[PDB]
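Chains as they are written, first to last, in full-length UniProt numbering: chain W, 2 to 74; chain H, 26 to 169; chain S, 30 to 78; chain B, 13 to 96; chain Y, 18 to 63; chain C, 48 to 152; chain R, 22 to 79; chain X, 1 to 514; chain A, 25 to 67; chain G, 1 to 227. Note that the Cβ used here is the ideal one computed from N, Cα and C, for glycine as well. Structure, as structure tokens:
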Ligand SMILES: CCCCCCCCCCCCCCCCCC(=O)OCC(COC(=O)CCCCCCCCCCCCCCCCC)OC(=O)CCCCCCCCCCCCCCCCC
Ligand SMILES: CCCCCCCCCCCCCCCCCC(=O)OCC(COC(=O)CCCCCCCCCCCCCCCCC)OC(=O)CCCCCCCCCCCCCCCCC
Ligand code: HEA
Ligand SMILES: CCCCC/C=C\C/C=C\C/C=C\C/C=C\CCCC(=O)O[C@H](COC(=O)CCCCCCCCCCCCCCCCC)COP(=O)(O)OCCN
Ligand SMILES: CCCCCC/C=C\CCCCCCCCCC(=O)O[C@H](COC(=O)CCCCCCCCCCCCCCC)COP(=O)(O)OC[C@@H](O)CO
Ligand SMILES: CCCCCCCCCCO[C@@H]1O[C@H](CO)[C@@H](O[C@H]2O[C@H](CO)[C@@H](O)[C@H](O)[C@H]2O)[C@H](O)[C@H]1O
Ligand SMILES: C[C@H](CCC(=O)O)[C@H]1CC[C@H]2[C@@H]3[C@H](O)C[C@@H]4C[C@H](O)CC[C@]4(C)[C@H]3C[C@H](O)[C@]12C
Ligand SMILES: C[C@H](CCC(=O)O)[C@H]1CC[C@H]2[C@@H]3[C@H](O)C[C@@H]4C[C@H](O)CC[C@]4(C)[C@H]3C[C@H](O)[C@]12C
Ligand SMILES: C[C@H](CCC(=O)O)[C@H]1CC[C@H]2[C@@H]3[C@H](O)C[C@@H]4C[C@H](O)CC[C@]4(C)[C@H]3C[C@H](O)[C@]12C
Ligand code: CUA
Ligand SMILES: [Cu+2]
Ligand SMILES: [Mg+2]
Ligand code: NA
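In structure tokens form, the structure reads like this:
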């Protein structure tokens, strides 16, 4: 009892591509933020936290008392 | 109807949704009634019956778009057979472990491994992230 | 007319998957393969010296 | 002795345009990058009044007679040393 | 005048599929088996 | 390269050639379906009337199928195009693929 | 010397179905059999030598 | 008639068939050697109890796969069958020399067998570096038999390169310029130029190794003023062009396959594809010392080789993106050859990207001579070459034979192989990052888990290879004869039917100039 | 592509035979060598 | 040393190795992103019935997909080369140690002051002491002072070998007739393991490297006791 509206008929493949390339880019940004957070920054913080108050002599004495060394008993 | 190897240099029929009007009719030879139908096609198509229209279509074309584009159950066969042959591979691995491989070295004995784990912790193997970092040296237990 | 995949696809998929999982699970757990996983959270360290 | 390229059959303008844009100008682009990375000024060296350098047997016919034609004060010392 | 056409432009016969199976089995089987027997040969020297 | 209207008009003119021959009908439709678009009703109309001048009912049905195919998952396009073509379909006695049962697999 | 190329052109274009490596006449066949005998015989001999060298006597 | 046709051939199709048969047989040998590698490594400890034999297996694995499987199949097999047909030529330029390129390969392979049977084998690595490969650490005939095997393979391919370049330059229709020839033809011409220039340098280097071993020269022996590192330069001056030789015909077949099963008349960006292959060919000659970043090289030289190596990603990326752009808008046919080609695009991209990691000489210090390199090149080379070969084989088997494969079986085969090669090689990245050396018969215990998985993967690919043989058997057993092939207007090699007659293009094509 | 029906159809039973023979041709000789490895090394 | 199921690099023992880890993180993120983007685009091209099969103009898009990869390569190359030239920069070692490769073991020479040298062999699996590591321990370790810049000079008295210690980021080939230099600085005491890294024959797998990093005064007394 009613007619159908004219839909978009031209450029449907290009329209699809454009939309999804933009989505792929936005995911790529979002991922890079996650990976810099979950991996690269995590690593920087782990190494900086480890060495911040690290006492290499205390580490050595622990190792020496555990018996691991040929040169130090 | 019947396609011959010796016809390879002639224009041929194909059903392809991107080549909707092939180079030849599907059926070239016409019976008496099919000849009469092609004559009737020269008059108003409103006077053709539904069956006559279908017959004209099936003289020109082999499969309709819906037929040529239909989906199939082939994926079930492919996936299932691939998994069968992957499963068969594990039989070969079982055979190899039983008849080819001997004992692995004594360093994989549970007590060796427990001692080796302590010595790795005593030398602080990977103490920033990889290994000893995961050990709680104050509570003498793996970090929870 | 139904083809091979219509007639047998469901059975091939179901049997192949069931067989594949069963025999890899058996291989992985029942025949003495030493996977050597991480001791972290698994091994109680024991005195060595 | 012919590089690793390989495209004849009747040489022509199309092939030489292809070389121009596909090899020659990319090379220029890459050397231009290389060059405009290793740009930036080096420490100029201590002045030493070596007698085989800053030669003056006759005054130059321009300026005060003691400056070379494309004298650069930052890197070209006079016979008596760098300028103020 | 050589034979032309499917099954004729090859140096092996495909006239009988079971003879063919034997031939292909010897052909690919011999290549796959050879390294195992070379290894055996080297192990049996010393 | 030109405006949509100019493109559609070239294609209408192409199919409207009174003495268009069978080869030209096929070349036209087989070229047209290469483009990123579903042909406007006015193009399809001209192609169907070419079919009529060439006494080829089957190719008219096929052309309606390829309109539906070019729409892909946009299920709204084909019913719209058929709607716009119904006066032509009625005038020329062209049954749709659906009316002929040719949409069954 | 005299140019006898025409004679050779007649000989090698004679419609006798012979391949070019035999089309000179009986001497071609002899040289072909000698070559092929040396190649196949030598190849068998090389396989014998591989057999010998494959095992310890060094 | 049999001997005339198959031992005295001057026919490009029959010689291509000989090459495909030879390469398939070599692939079995190469696969068996690969399974022995992975059996030795599949559990900690020793399996062969003889690491000299282990090293011999590794060495022969590589030589067989490179020189007797990939090059004969891609260049000798697909090149001889397809190149004359794709340019409408009646055969190759030198049809009788072409037959000698083929017949030099069984003797070359025989010499390599001989090397492994005499003494204790050539347990050298396929690089054959001195002094390990010299006459004190490898006394006796094994290494010399290897050198001679390479000499014969080298002559085979140099003469084949001469043949292909001449054929492609000289035997096209007079109207067809080089920019009207198909990409696979381009890919063969460029591969042939690389072979022509690179193999003579290898020949020079291995000849110097032969004379150091037997004539008391000292090219590579410091006692005489020689230098082991000079051999490495000569070897890799060949060996980097070689890895591009191994993939370029693959790129050419991938272009045709992707175009065809996308329903396209042409690949996207044809001149960019030509540019990219030429650029890859040229840059492939100026990067070799990235195989030598740990030998003691000056820092500026490391910086140059790092940078030059990375540039090759730019033309390669143009090819990858143009394959994607060829798919774009396609009427995609999900044929088994298409699956092979799609698997190629992805797995080649992974391996190329780990090659960019390795190009960074600072990181390569830690990754060099580890399984990270083994993982790089079994993605980009082993999977790259095998997937393009399988794609081409499945696609053109009906042309060569007149018969069709069973497509369902071919898709099952693809699926099994794709799981197998990824299970085999993906964990080797972890082994390399964590420091496991390559060319080892056994490993510290920590590395057990990934070696176990990798070896189980190798058996899945074994099952795929067995199934491949059955699938070829089933096709010749059932004899489904080809009828029609679509897209012949843009795939000239199909237009003479399946299989084409012994002589094709006796009357050349008509192409006008306009 | 299109093609004729098989001139010499290979039934499922025939395929099972061809597949079994093919697999055994690869597996039995290698399996024999590997099963006997210790025999070789000990010797 | 590596530990079971390890995915990435060994933890850094030296500042250069720490540099390499951050640079590897940077590069691998790019690798993941490009691989994922290609896989995704593949799937995007393959998931529509919409078609467009007529000729497509290429020159516009080829600009994007040459320039963006060129920018990415430059973003890798800049930190890559910085680390390269850092590693090269002069540091003034306090100690020089030589190592000579041999089939199949390493010898070490510490001849700045006294004639100290010894051989270093793999501990056979049958002689490991409980808790020791199969294929990695040696009888005589390379004792070295921690927190000091050390010049290592590497050569060979027979075939090629290669002296490697992954957690210090070190791999220097051992070439007869050649003396290759590398420098080593451990931030920590402990035991750091490596393995021969150029195929050298039948025991290539079995000639490992163990550095023992201790305070200078312990190194001095050890050195004296090894004369
Ligand atoms: C697709 C993923 C690609 C990623 C690939 C990259 C890497 C390369 C590998 C490249 C490999 C990709 C495999 C994709 C399967 C394609 C299915 C198919 O359409 O095949 C043919 C179809 C026939 O369909 C037709 O008769 C008409 C044409 C086909 C459909 C085209 C429609 C396309 C558009 C529709 C989607 C709309 C979505 C809209 C969305 C848009 C939003 C706007 O029939 C069938 O039953 C299927 C026949 C069997 C095929 C199964 C093969 C599986 C092999 C897997 C390998 C791993 C092994 C795991 C073995 C298991 C054991 C471990
Ligand atoms: C890429 C080829 C196909 C791959 C097939 C297998 C799929 C693998 C993943 C499929 C996903 C791909 C990436 C997996 C990385 C997983 C571990 C990791 O994060 O590793 C990071 C580093 C190590 O860094 C560190 O120090 C951090 C360690 C963090 C530890 C946290 C605990 C994690 C639990 C254990 C994980 C078990 C590992 C699985 C074991 C895997 C056994 C097979 O390792 C590495 O560099 C590995 C180097 C790989 C370089 C090649 C790039 C391939 C890209 C594929 C992308 C396509 C999209 C995926 C979609 C792919 C689908 C087609
Ligand atoms: C098919 C064979 C093949 C191919 C094509 C390649 C391609 C490349 N290889 Fe690989 N390579 C080998 C086979 C191959 N390689 C073999 C056999 C060895 C070891 C030999 C031995 O020691 O035995 C090896 C070793 C090797 C090394 C030495 C590692 C070591 O021993 O320490 C290096 C170092 O730079 C290297 C780098 C590269 C690079 C940069 C490419 C580049 O050509 C890759 C370019 C491709 C891409 C980058 C992916 C597609 C690109 C895009 C999608 C664009 C966007 C990407 C970016 C911006 C990065 N290769
Ligand atoms: C930009 C790229 C280069 C372009 C050319 C630049 C100018 C050169 C003009 C002609 C060159 C020909 C003569 C070369 C003579 C010397 C000029 C050398 C090139 C030059 O320009 O040299 C400059 C000195 O010029 C000076 O003396 C002053 C030079 C001016 C006077 C020249 C007088 C001599 C002319 C003699 C001609 C004889 C010709 C005989 C031909 C006979 C044929 C049979 C270098 O400058 P600088 O500050 O010392 O150092 C730079 C430090 N920052
Ligand atoms: C360690 C010791 C190893 C020893 C290895 C020895 C290996 C091989 C044994 C060689 C036996 C050679 C027999 C003669 C071959 C002559 C080939 C020839 O002359 O080939 C010509 C083509 O190559 C041409 O021209 C130009 C090319 C002519 C090439 C001639 C042969 C070269 C063989 C050695 C090449 C080594 C390359 C060295 C550089 C690295 C003619 O081509 P055809 O197809 O025949 O005919 C075409 C007809 O139209 C002619 O009327
Ligand atoms: C890497 C490629 C190889 C992958 C794995 C191969 C899979 C196994 C295939 C079977 O191989 C057979 O296995 C038998 C054992 O099941 C062996 O018989 C041996 O064992 C029997 C039972 O103990 C005795 O009856 C026999 O005489 C004795 O030869 C037999 O020789 C060997 O052919
Ligand atoms: C016999 C021949 C005459 C030409 C022809 O045959 O008709 C002549 C012409 C050129 C002569 C040759 C040339 O003069 C060059 C050579 C000169 C030497 O002094 C004698 C041999 C030498 C090789 C000559 C031999 C012979 O007398 C030749 C070959
Ligand atoms: C590696 C090779 C020496 C081989 C040998 O030892 O026999 C040498 C010879 C010439 C060298 C090149 C030339 O010296 C020119 C360039 C000098 C730059 O400092 C490094 C890159 C540079 C492009 C060099 C790289 C490399 O060290 C080359 C190519
Ligand atoms: C000029 C040449 C051929 C054009 C033709 O005659 O058809 C084309 C083919 C491939 C082109 C190159 C490739 O498309 C890759 C690069 C793309 C950049 O957008 C410009 C430089 C770039 C390096 C291009 C330069 C030039 O337009 C090339 C070299
Ligand atoms: Cu010493 Cu490997
Ligand atoms: Cu390389
Ligand atoms: Mg090395
Ligand atoms: Na082992």
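Rounded C-alpha distance that separates residue i from residue j
{"i": "residue 21 of chain Y", "j": "residue 81 of chain X", "result": "16 Å"}
{"i": "residue 196 of chain X", "j": "residue 88 of chain X", "result": "25 Å"}
{"i": "residue 29 of chain Y", "j": "residue 10 of chain X", "result": "18 Å"}
{"i": "residue 351 of chain X", "j": "residue 79 of chain X", "result": "25 Å"}
{"i": "residue 435 of chain X", "j": "residue 364 of chain X", "result": "12 Å"}
Residues near residue i in its chain [Cβ-Cβ closer than 7 Å; skip 5 each side]
{"i": "residue 159 of chain G", "result": "103, 200 and 201"}
{"i": "residue 269 of chain X", "result": "322 and 325"}
{"i": "residue 238 of chain X", "result": "198, 199, 201 and 202"}
Enclosing alpha helix (DSSP H) for residue i [first to last residue]
{"i": "residue 261 of chain X", "result": "228 to 261"}
{"i": "residue 65 of chain A", "result": "61 to 66"}
{"i": "residue 171 of chain G", "result": "Run containing residue 171 of chain G: none in the alpha helix (DSSP H); it sits in the beta strand (DSSP E), 170 to 174."}
{"i": "residue 3 of chain G", "result": "First-last for residue 3 of chain G: undefined, no H or E at that position."}
Own chain partners of residue i with C-beta closer than 8 Å, once the 5 adjacent residues on each side are dropped
{"i": "residue 8 of chain X", "result": "99"}
{"i": "residue 234 of chain X", "result": "201, 202, 204, 205 and 208"}
First and last residue of the uninterrupted beta strand (DSSP E) at residue i
{"i": "residue 155 of chain G", "result": "150 to 156"}
{"i": "residue 180 of chain G", "result": "180 to 184"}
{"i": "residue 63 of chain Y", "result": "Here residue 63 of chain Y belongs to no beta strand (DSSP E), and DSSP marks it neither H nor E."}
8 Å contact criterion, which residue i and residue j should meet: CB distance rounded
{"i": "residue 388 of chain X", "j": "residue 69 of chain G", "result": "Going by Cβ atoms, the distance from residue 388 of chain X to residue 69 of chain G rounds to 22 Å, so no, they are not a contact pair."}
{"i": "residue 59 of chain Y", "j": "residue 53 of chain X", "result": "5 Å"}
{"i": "residue 118 of chain C", "j": "residue 85 of chain C", "result": "5 Å"}
{"i": "residue 36 of chain W", "j": "residue 153 of chain H", "result": "Incorrect: roughly 19 Å between the Cβ atoms, too far for contact."}
{"i": "residue 44 of chain W", "j": "residue 21 of chain G", "result": "6 Å"}
Cβ-based neighbour list, residue i, same chain, cut-off 6 Å, excluding 5 preceding and 5 following
{"i": "residue 515 of chain X", "result": "The displayed coordinates of chain X run from 1 to 514. Any statement about residue 515 of chain X would go beyond what the structure contains."}
key: Inter-stretch contact (C-beta, 8 Å, three-pair minimum) for the stretch 141 to 161 of chain G and the stretch 217 to 226 of chain G   = yes
query = For the 8 Å Cβ check, are there 3 or more pairs between the stretch 106 to 114 of chain X and the stretch 281 to 294 of chain X?
reply = no
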